[PDB]
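Engineer: please find the sequence and an experimentally derived structure below.
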Amino acid sequence: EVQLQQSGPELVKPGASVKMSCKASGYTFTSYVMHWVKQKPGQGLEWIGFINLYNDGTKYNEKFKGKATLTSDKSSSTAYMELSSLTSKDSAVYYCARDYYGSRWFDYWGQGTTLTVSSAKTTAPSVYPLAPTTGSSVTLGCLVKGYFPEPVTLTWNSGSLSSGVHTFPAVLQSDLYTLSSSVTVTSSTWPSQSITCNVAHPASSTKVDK
Amino acid sequence: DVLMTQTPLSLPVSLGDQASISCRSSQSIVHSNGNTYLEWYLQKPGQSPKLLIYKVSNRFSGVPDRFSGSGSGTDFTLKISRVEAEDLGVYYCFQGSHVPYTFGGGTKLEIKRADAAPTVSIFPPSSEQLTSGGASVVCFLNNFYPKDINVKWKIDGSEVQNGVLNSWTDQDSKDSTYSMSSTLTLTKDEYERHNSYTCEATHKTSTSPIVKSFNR
């Protein structure tokens, strides 16, 4: 199966540069084209350009010439994109995506790299458990308060509990993001104080279980 | 650049209904070589886009039959014959016929469904949060429809306007409902008015607000 695994820094200062990566697996990297796509938070999709990984030729959206540089490493099947002289208008999710048949449309997409451009420093979140003995259904909470930047990943029992979860999108107030997640479990369980939501804030390298 | 205009912007559909999304390009998406490189992509909440249709009408590996694509030149349509709860998200057309390649602005597909009252749960501030000197009261309002709702926080019956943070999920992919989290943040006034913390929700499913509270 085709896999496009993206990685890269998620917080960078204005005027600085960043380089993102896209490690491809499950197909012969050097025979294809890689596209890059930008999506600002809450907005549409924008094509940045493509790189022919057989001959390293590139083609750019004019708007991104001088902002974006596409490169690749054929020995490790990894495509890169460098963004230079970043501003807040470059804050976005960036996707790489494979072109299977040519250089004109893409089938498989990476999971994206979330990039924030800002002078504010990283900030680890305070993870707080939320507990009620109310009824045969039980709802416990996980408040992830005062962190920066986006994103964070939150799970319950290492992703064991999926169905009865609502994680709410983070909200920015005080120049910090606050997220929360609730979990409702059947009577066939306990209202365990700290049923163990799993919070990860890679930007500050926090991995917490509370 | 080639303008891709998507109509409508937001499309509320009932389960089972047919859904029609249109896309019009400022220039023919017919390339010189005779090919029409017009794609449709679907982005579901919290996920990358997925290819649905390539070359105007071709369905991509594993895409249900209810998704149909048609059109020619500058007018294209994506049809979801029978809409399913998992079909919600944003649909984009995309043309790869002329550099620079361009996407439409997106059509948010939204599910119409029957009203549903919220399940409300209030929570006192964490013990750890208090040792830190803070006090956030949380209130979850889960699985309601439509998203339209108002929450009033009350402290000893009186209402507090400042210090509330609300957040809605996207539309659930199975029961087509929304959920919302409301948070009140205090520091030590939590012991000042240490009794009667109330989260009161008003939704169209009842003339009476839904109340959950605690004091001690």
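Structural biologist: All right, it came through fine. Numbers count the residues shown, from 1 in each chain, chains lettered A, B, ... in the order given.
Engineer: tell me the spacing between the residue sitting furthest away from the middle of chain A and chain B.
Structural biologist: Of all residues in chain A, residue A:135 has its C-alpha farthest from the mean position, at 37.2 Å, by C-alpha atoms, centre = their mean. Using C-beta to the nearest C-beta, to the nearest Å, residue A:135 is found at 10 Å from chain B. (C-beta placed from N, C-alpha, C; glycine too.)
Engineer: number of residues surrounding the residue of chain A found nearest chain B?
Structural biologist: Relative to chain B, the nearest point of chain A is residue A:104 (3.4 Å; C-beta to the nearest C-beta). A count of neighbours around residue A:104, defined by other C-beta atoms under 10 Å in any protein chain shown, yields 22.
Engineer: separation between the nearest residue to residue B:76 once chain neighbours are set aside and residue A:109?
Structural biologist: The shortest distance from residue B:76 to any non-neighbouring residue, by C-beta to C-beta, 6 or more residues apart in numbering or on different chains, is to residue B:23 (4.6 Å). Going from residue B:23 to residue A:109 by C-beta to C-beta, to the nearest Å gives 20 Å.
Engineer: quick check: beta-bridge partners of residue 72?
Structural biologist: Looking at chain A here, since you left the chain open. Beta bridges link residue A:72 to residue A:79, judged by DSSP bridges.
Engineer: oops, I was thinking of chain B
Structural biologist: Going by DSSP bridges, residue B:72 forms beta bridges with residue B:75.
Engineer: in which helix or strand would I find the residue nearest to the spatial centre of chain B?
Structural biologist: For chain B, the residue sitting closest to the mean C-alpha position, by C-alpha atoms, centre = their mean, is residue B:170 at 3.1 Å. Residue B:170 is part of no helix or strand when elements are defined by DSSP states H and E.
Engineer: ok, now which ones touch it?
Structural biologist: Contacts of residue B:170 were listed using C-beta atoms under 8 Å, 6 or more residues apart in numbering or on different chains, and they are A:169, B:45-46, B:178.
Engineer: that older thread, got the contact list for the residue of chain A closest to chain B?
Structural biologist: B:37, B:96-97, B:101.
Engineer: and residue A:89, which of the three is it?
Structural biologist: Following DSSP: H, G, I helix; E, B strand; the rest coil, residue A:89 is assigned to helix.
Engineer: okay, now it: neighbour count?
Structural biologist: Residue A:89: 9 neighbours (other C-beta under 10 Å).
Engineer: separation between it and residue A:64?
Structural biologist: Taking C-beta to C-beta, one finds residue A:89 at 12 Å from residue A:64.
Engineer: any idea where the helices of the chain begin and end?
Structural biologist: Here I'm looking at chain A. Here chain A has no helices by DSSP state H.
Engineer: switch to chain B, please.
Structural biologist: Using DSSP H, helices in chain B cover B:127-131, B:189-192.
Engineer: and residue 155, what are its bridge partners?
Structural biologist: Since you didn't name a chain, this refers to chain A. The partner residues for residue A:155, given DSSP bridges, come to residue A:198.
Engineer: if you could check chain B rather than the one you did, that'd help
Structural biologist: On the basis of DSSP bridges, residue B:155 is bridged to residue B:158, residue B:197.
Engineer: I figured it hits residue B:197, correct?
Structural biologist: Yes: between residue B:155 and residue B:197 there is a contact under C-beta atoms under 8 Å: 6.1 Å.
Engineer: how about residue B:184: what's its closest non-neighbour residue?
Structural biologist: Nearest non-adjacent residue to residue B:184 (C-beta to C-beta, 6+ apart): residue B:137, at 4.4 Å.
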